[PDB]
Amino acid sequence: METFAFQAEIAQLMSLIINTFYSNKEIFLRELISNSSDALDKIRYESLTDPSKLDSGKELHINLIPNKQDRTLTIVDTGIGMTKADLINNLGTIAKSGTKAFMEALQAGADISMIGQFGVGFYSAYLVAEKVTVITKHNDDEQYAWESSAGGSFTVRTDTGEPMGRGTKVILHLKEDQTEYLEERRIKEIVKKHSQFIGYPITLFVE
Ligand SMILES: O=C(N[C@@H]1c2ccccc2-c2c(-c3nc4ccncc4[nH]3)cccc21)c1ccncc1
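Each number in the entry's author numbering comes from the position in the sequence shown (counting from 1) with 16 added on.
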C-alpha cells in the first residue's frame with residue numbers, strides 16, 4: 017500500500033463537499049452512474065476498432081449493490097477501468113482542473129448539483145460516504161484498489177480481491193446518517209428520477 021497527498025485544490029473541494037450544508041445529497045448516484053456510463057462508452061467505442069478489447073468481458077452493464085451489514089453502496093461497471101497511471105497521475109490532472117473550474121462556478125453562484133459538468137462528479141460520493149474504495153481493472157494493467165477517507169491523502173495498492181475481468185467498483189462506506197441509500201425503494205426512486213435514460217442496463221440488486 018502506497019500513500020499519496022492530494023493537491024491543495026482537490027483537498028479543498030473534498031472539504032467543501034464534506035463540510036457544506038447541502039440537503040440534496042441524492043445527486044451523488046446520478047454522478048457515479050454517469051461516470052460508469054462514460055467508461056462503458058469508452059470501452060465500447062474502442063471495441064469497434066479492436067473487438068479483442070472485450071476479451072476481458074463482453075457484457076456492458078452497471079450494477080448497484082447495497083449491503084446493510086457492511087453499510088456500503090457499491091456502483092459496479094464493466095467499463096474501460098483505470099490503470100495505475102490513471103489512478104495516481106492522469107485523474108489527478110483532471111481533478112485539479114475540474115476543481116478549479118467548479119470552485120470558480122460556485123463563487124459565481126452555481127450549485128453543488130452541477131459538479132458533474134466539471135468532470136469531478138466522482139467527488140460527490142463524499143456527500144454520503146465517509147470513505148470511498150475504488151477497485152478497478154483496465155485491459156492494460158493489473159487490478160488496483162484506490163481509497164480515501166479525505167484528510168488530505170489517498171492510498172493505492174494492487175488488489176487481491178475477486179478478479180473483475182475489466183471495469184470499476186466504487187464502494188461507498190456510508191456515513192451513519194445516510195443509510196437511506198441502502199433501501200431498495202430509495203435507490204429505485206433516485207435511478208428513475210436522474211438516470212432513467214442511461215444506455216446500459218442498470219440492475220438494482222436487493223438483499
Ligand atoms: O469515477 C471514476 N474515476 C474517478 C475520478 C473522476 C474524476 C477525477 C478523479 C477521479 C478518480 C481518482 C483520483 N482522484 C485523484 C485526485 C488526485 N490524484 C489522483 C487521483 N485519482 C481515483 C479513483 C477514481 C476516480 C471512474 C469510474 C468508472 N470508470 C472509470 C473512472
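All residues carry an ideal CB built from backbone N, CA and C; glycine is no exception.
In the DSSP assignment, what are the bridge partners of residue i?
{"i": "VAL150", "result": "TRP162 and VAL186"}
{"i": "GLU18", "result": "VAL172"}
{"i": "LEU220", "result": "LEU80"}
Of all the options the options, which has the alpha carbon lying nearest to the alpha carbon of residue i?
{"i": "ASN106", "options": "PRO82, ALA124, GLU120 and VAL136", "result": "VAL136"}
{"i": "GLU18", "options": "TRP162, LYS58 and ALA24", "result": "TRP162"}
{"i": "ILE214", "options": "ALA27, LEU56 and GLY108", "result": "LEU56"}
{"i": "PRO82", "options": "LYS209, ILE203, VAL207 and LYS208", "result": "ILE203"}
{"i": "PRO179", "options": "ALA145, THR94, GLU223 and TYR139", "result": "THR94"}
{"i": "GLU120", "options": "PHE20, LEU80, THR219 and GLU25", "result": "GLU25"}
{"i": "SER113", "options": "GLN159, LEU64, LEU29 and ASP156", "result": "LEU29"}
{"i": "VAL186", "options": "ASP102, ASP71, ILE78 and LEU32", "result": "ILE78"}
{"i": "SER211", "options": "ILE43, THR171, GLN23 and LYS191", "result": "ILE43"}
{"i": "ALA111", "options": "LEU143, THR65, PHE138 and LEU45", "result": "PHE138"}
{"i": "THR219", "options": "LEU188, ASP66, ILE91 and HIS154", "result": "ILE91"}
{"i": "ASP54", "options": "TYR160, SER169, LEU76 and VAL207", "result": "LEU76"}
{"i": "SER52", "options": "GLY183, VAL222 and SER63", "result": "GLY183"}
{"i": "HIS189", "options": "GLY73, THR88 and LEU64", "result": "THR88"}
{"i": "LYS191", "options": "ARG46, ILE96 and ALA141", "result": "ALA141"}
{"i": "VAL144", "options": "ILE34, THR171, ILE49 and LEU70", "result": "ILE34"}
{"i": "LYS100", "options": "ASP156, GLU47 and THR65", "result": "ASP156"}
{"i": "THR109", "options": "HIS154, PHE134 and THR65", "result": "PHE134"}
{"i": "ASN40", "options": "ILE206, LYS69 and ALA27", "result": "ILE206"}
{"i": "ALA27", "options": "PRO217, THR174, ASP66 and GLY167", "result": "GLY167"}
{"i": "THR171", "options": "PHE221, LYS116, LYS153 and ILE104", "result": "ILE104"}
{"i": "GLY177", "options": "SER169, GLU158, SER164 and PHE22", "result": "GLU158"}
{"i": "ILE49", "options": "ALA117, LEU122, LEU80 and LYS84", "result": "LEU80"}
{"i": "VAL222", "options": "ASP102, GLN85 and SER63", "result": "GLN85"}
{"i": "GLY181", "options": "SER164, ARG201 and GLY97", "result": "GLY97"}
Identify whether residue i lies in helix, strand or coil by the three-state DSSP scheme.
{"i": "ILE214", "result": "coil"}
{"i": "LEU32", "result": "helix"}
{"i": "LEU76", "result": "coil"}
{"i": "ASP57", "result": "helix"}
{"i": "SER39", "result": "coil"}
{"i": "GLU199", "result": "coil"}
{"i": "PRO67", "result": "helix"}
{"i": "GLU178", "result": "coil"}
{"i": "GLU192", "result": "coil"}
{"i": "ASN51", "result": "helix"}
Which full runs of the alpha helix (DSSP H) of 4+ residues lie inside the region 78-147, going along the chain? Within the region 78-147, the complete alpha helix (DSSP H) runs of at least 4 residues are 107-124.
So, does the region 144-156 touch the region 113-129, judging by three or more C-beta pairs under 8 Å? no
Check whether the region 57-65 and the region 190-210 are in contact - that is, three or more C-beta pairs closer than 8 Å. Judged by pairs of C-beta atoms under 8 Å, the region 57-65 does not touch the region 190-210, as fewer than three such pairs exist.
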